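# Observations on the three-dimensional arrangement
Chain residues, written in single-letter form:
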Amino acid sequence: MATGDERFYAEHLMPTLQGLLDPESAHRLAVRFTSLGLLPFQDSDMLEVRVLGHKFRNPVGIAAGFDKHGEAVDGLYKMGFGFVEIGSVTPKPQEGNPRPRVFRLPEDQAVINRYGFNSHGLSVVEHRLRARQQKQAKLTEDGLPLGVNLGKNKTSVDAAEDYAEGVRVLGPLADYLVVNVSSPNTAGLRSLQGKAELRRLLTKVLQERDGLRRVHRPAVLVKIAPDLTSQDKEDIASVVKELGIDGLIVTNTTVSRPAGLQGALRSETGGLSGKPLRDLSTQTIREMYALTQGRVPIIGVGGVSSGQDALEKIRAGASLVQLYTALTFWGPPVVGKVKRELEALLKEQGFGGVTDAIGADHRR
Ligand SMILES: Cc1cc2nc3c(=O)[nH]c(=O)nc-3n(C[C@H](O)[C@H](O)[C@H](O)COP(=O)(O)O)c2cc1C
Ligand SMILES: O=C(O)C1=C(C(=O)Nc2c(F)cc(-c3cccc(OC(F)(F)F)c3)cc2F)CCC1
Ligand SMILES: O=C(O)c1cc(=O)[nH]c(=O)[nH]1
């Protein structure tokens with residue numbers, strides 16, 4: 001329980017929990033427990049990384065989606081994450097798609113979800129983050145940054161304005177903002193990844209960002225999908241360097257269904273995450289890193305469940321990594337596991353630290 005044993009959670013607790021609660025109910029309880037600190041390894045200098053104008057004591061963060069409304073930020077740092085990202089958050093509140101909208105594929109160590117941006121909205125999250133704004137300031141100074149993921153409302157008419165509003169309301173409370181334009185569960189959202197659309201969108205976002213006071217000015221990253229054509233990637237890389245985008249989050253869930261999936265629910269509509277997404281995600285990181293000449297910070301996400309998974313993404317070009325689906329299968333202990341294996345792998349491979357491994361595959 002509080003001891004935090006990897007086998008117990010993986011073999012007994014998590015399985016029992018999922019055998020009694022449906023996916024969504026399990027998630028809601030997860031958020032509750034985390035917010036209350038009902039949770040079960042010391043970071044070494046080796047895991048420290050410096051990017052996006054911040055210090056990160058460890059490169060392992062919790063991907064967007066687990067804490068959509070910023071209700072468990074502190075319980076997440078306590079879980080061992082080097083940084084937390086909340087969202088996606090939409091300007092106005094919205095319920096998202098009807099239940100069921102999340103599905104487990106245990107035989108594939110994967111999950112499929114079609115939430116549709118269920119969100120409390122900017123205001124609610126704004127006040128929720130303001131209530132701990134000073135505490136976060138100290139956490140960030142301590143190497144524990146906060147990122148905020150921005151989405152857009154379903155009935156919105158001006159996609160750009162939606163993100164612009166998010167930048168104005170939550171940008172002052174975040175170390176970095178994420179323009180999420182890769183969600184597969186919102187009609188026409190991914191089309192915003194197009195060159196022309198993306199350029200107009202990011203130009204406005206960055207302008208709103210630059211208009212904020214210095215200490216409240218966040219880095220701006222763009223979260224992309226793993227289903228982009230070689231053309232989309234070239235365009236995104238071009239726009240990113242043209243506008244000075246601070247970084248990229250690679251990748252979101254995939255609408256593809258790799259041959260081999262065994263889960264009974266493999267044909268449910270939605271974005272696929274977990275092991276089946278891992279390598280497709282690592283390859284997207286490898287490609288974007290090269291297209292940006294390794295000058296644009298990348299946060300690798302997609303099927304990370306071990307130190308090896310984390311290091312392959314770092315060697316492919318990621319400065320930081322995130323995980324989510326792995327947490328839903330192995331529980332809280334997975335965080336320490338990934339960090340411990342990552343450290344051992346770095347030493348075992350001759351790297352003085354994480355910073356030394358970033359992009360290493362491209363130099364060999
Ligand atoms: C239930 C669920 C909800 C998610 N919600 C969001 C979201 O609101 N915004 C976002 O940018 N990504 C969201 N994601 C995507 C994750 O942040 C991540 O990009 C993806 O799942 C790959 O990581 P993983 O294999 O470790 O889960 C969600 C994923 C899941 C499984
Ligand atoms: O589970 C799923 O299918 C899905 C999601 C999910 O949110 N899972 C999930 C869960 F159920 C439980 C904990 C958890 C959190 C803290 C302590 C803990 O330990 C003890 F309970 F002991 F406190 C256990 C973490 C999780 F990540 C997202 C959609 C699919
Ligand atoms: O809320 C969602 O449907 C959602 C958003 C996103 O960016 N990715 C995902 O897999 N689901």
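Residues numbered from 1 in each chain as written, not as in the entry; some residues may be left out. Chains lettered and ligands numbered in written order. Heavy atoms only, no water.

Method of structure determination, per the deposited record: X-ray crystallography was used for this entry, reaching 2.400 Å resolution.

The protein has the name Dihydroorotate dehydrogenase, mitochondrial in the PDB entry, where Homo sapiens is given as its organism. Its official PDB title, as written in the record, is "Dual Binding Mode of a Novel Series of DHODH inhibitors". What UniProt records for the protein under Subunit is the sentence "Monomer." (UniProt positions renumbered as here; feature names shortened; annotations may be inferred.)

## Examining the packing of aromatic side chains
Overall, the coordinates contain five aromatic pairs when judged by the stated rule. With 6.0 Å between their ring centres and 45° between their planes, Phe329 and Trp330 make a pair best called tilted. (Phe/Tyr/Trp six-rings, centres within 6.5 Å; stacked < 30°, edge-to-face > 60°.)

## Some thoughts on the site of ligand 3
Close contacts around ligand 3 come from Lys68, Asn113, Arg114, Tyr115, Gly116, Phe117, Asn180, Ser183, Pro184, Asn185, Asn252 and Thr253, and that covers them all. A distance of 2.8 Å separates an oxygen atom of ligand 3 from a polar side-chain atom of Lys68. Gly116 is positioned such that a nitrogen or oxygen atom in its backbone is 2.8 Å from an oxygen atom of ligand 3. Compared with its free state, where it exposes 290 Å², ligand 3 has 91% of that area covered by protein. Each residue belonging to the shell around ligand 3 can be placed in one class, and the counts come to three nonpolar, seven polar and two charged. (Near = heavy atom within 4 Å. Polar contact = N/O pair within 3.5 Å; in protein donor to acceptor, adjacent residues only side chain to side chain. Areas by Shrake-Rupley, 256 points an atom, 1.4 Å probe, with all protein chains shown as cover. Nonpolar A, V, L, I, M, F, W, Y, C, P; charged D, E, K, R; others polar.)

## As for a nonpolar patch on the surface
Taken together, the side chains of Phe33, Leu36 and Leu38 define a hydrophobic patch exposed on the protein surface, amounting to about 310 Å² of accessible area. Here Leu36 lies in the loop between α2 (23-35) and β1 (49-51). Judged by relative accessible area, which is 64%, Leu36 ranks as exposed. (Patch = residues over 30% accessible without salt bridge, like charges linked within 9 Å, V, L, I, M, F, W, Y side chains within 5 Å. Salt bridge = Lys/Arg side-chain N within 4 Å of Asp/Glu carboxyl O. Helix = DSSP H or I, 4+ residues; strand = E, 2+ residues; numbered from the N terminus. Buried < 20%, exposed > 50% of the residue type's maximum accessible area, 1.4 Å probe, protein only.)

## A look at the side chain of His54
For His54, the location among the structural elements is in strand β2 (residues 54-56). Discounting chain neighbours no more than four positions away, the residues touching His54 are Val49, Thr140, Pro145 and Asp175. (Contact = heavy atoms within 4.5 Å.)

## Comments concerning the site of ligand 1
Taken together, 23 residues lie around ligand 1, and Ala64, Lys68, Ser88, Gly303 and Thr325 are the ones closest in. In this structure, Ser88 approaches ligand 1 through a main-chain N or O atom, which is 2.8 Å from an oxygen atom. Measuring from an oxygen atom of ligand 1, one finds a side-chain N or O atom of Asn180 at 3.1 Å. Summarising the interface, the protein chains cover 96% of the accessible area of ligand 1, which totals 620 Å² for the free molecule. Residue assignment for the shell around ligand 1 shows that the elements contributing at least two residues are β4 (83-89) and β11 (271-274). Of the residues belonging to the shell around ligand 1, the class tally is seven nonpolar, 14 polar and two charged.

## Considering unusual backbone geometry
Put simply, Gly87 and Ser88 share a cis peptide bond, and its omega is 0°. Topologically, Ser88 is positioned in strand β4. Of the consecutive residues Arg99 and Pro100, the connecting peptide bond is found in the cis state with omega at 0°. Relative to the helices and strands, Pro100 is located in the loop between β4 and β5 (102-105). Here the phi dihedral of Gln109 falls at roughly 55°; this positive angle occurs in a residue that is not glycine. Its relative accessible area of 30% is what places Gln109 among the partly exposed residues. If you check the backbone angles, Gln293 has positive phi at about 55° while not being a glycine.

## Observations concerning the nonpolar core
In terms of nonpolar packing, the biggest core is built from 94 residues, with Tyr176, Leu248 and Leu346 touching the most fellow members. Looking at this core element by element, the count peaks at six residues for helix α12 (residues 333-348). Beyond its immediate sequence surroundings of up to four residues, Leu248 is in contact with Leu221, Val222, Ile236, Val240, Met288, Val296, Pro297, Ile298 and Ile299. (Core = buried A, V, L, I, M, F, W, Y, C linked by side-chain atoms within 4.5 Å.)

## Overview of the packing of helix α10 (residues 307-316) against α12
Two elements in contact, α10 and α12, have axes whose closest approach is 7 Å; the angle formed by their N-to-C orientations is 60°. When the interaxial angle is binned, α10 and α12 end up oblique. Both α10 and α12 take part in a crossing whose hand is right-handed. Side by side, α10 and α12 meet where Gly307, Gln308, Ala310, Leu311 and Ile314 of the first sit next to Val338, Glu341, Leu342, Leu345 and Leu346 of the second. For the contact of α10 with α12, the residue count by class is seven nonpolar, two polar and one charged. (Axes fitted to C-alpha atoms, helices over the stretch in contact; angles between N-to-C directions. Parallel < 35°, antiparallel > 145°, perpendicular 65-115°, else oblique. Left-handed = near helix turned anticlockwise from the far one by under 90°.)

## A short note on the pairing of strand β10 (residues 247-250)
Each regular strand shows side chains that alternate between the opposite faces of the sheet. What you see with β10 is no split at all: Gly247 and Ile249 on one side and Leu248 and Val250 on the other are buried throughout. One crossover worth recording links strand β9 (residues 219-224) to the parallel β10 by way of helix α8 (residues 230-243), and it is right-handed. Alignment of β10 against strand β12 (residues 298-301), held across three bridges, turns out to be parallel. If you follow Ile249 over to β12, its bridge partner there is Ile299. (Right-handed = clockwise from strand over helix to strand, strands pointing away. Pairing = 2+ DSSP bridges.)

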